[PDB]
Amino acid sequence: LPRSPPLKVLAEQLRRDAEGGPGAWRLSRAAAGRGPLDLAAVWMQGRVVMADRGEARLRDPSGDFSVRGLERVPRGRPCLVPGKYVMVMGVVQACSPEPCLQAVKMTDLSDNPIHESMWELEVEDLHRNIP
């Protein structure tokens, strides 16, 4: 339902460059030499650090982020277990001091180690191709 597509982002981008608020987040991109990137929903990936029903804390190479509302997502291969590498599609509820997402979906990506080895490059590649 997000009106913004699920933008791929690392925890540091929300933590450090996100602006605005609740109904309107914008990612500053001054360094690139581009204007603000509006976002509502995001695609994020990371290792499950801890999981307590409906909630979890994940960690990507740039930092941690938490996810809530997991009792409502589609039931695929179960992965709400410390150590699992997963992806989450979620609506941004907070960005600093720690990004927080309302989960739309959480998928297990532990099987193929390529996903984790490629995530940072994917985020860099996608952002390089956005006006």
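Numbers for residues come from their place in the sequence shown, where the first is 1.
Of the two segments examined, 118-126 and 15-23, it is 15-23 that shows the higher average Cα temperature factor in the deposited entry. When the mean C-alpha temperature factors of 65-73 and 52-60 are read from the deposited coordinates, 52-60 comes out higher.
Highest CA B-factor among the listed residues (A103, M87, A41, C100): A41. When the C-alpha B factors of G83, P36, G46, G33 are read from the deposited coordinates, the top value falls at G33.
Remark: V91 belongs to the lowest third of its chain, ranked by C-alpha B-factor as recorded.
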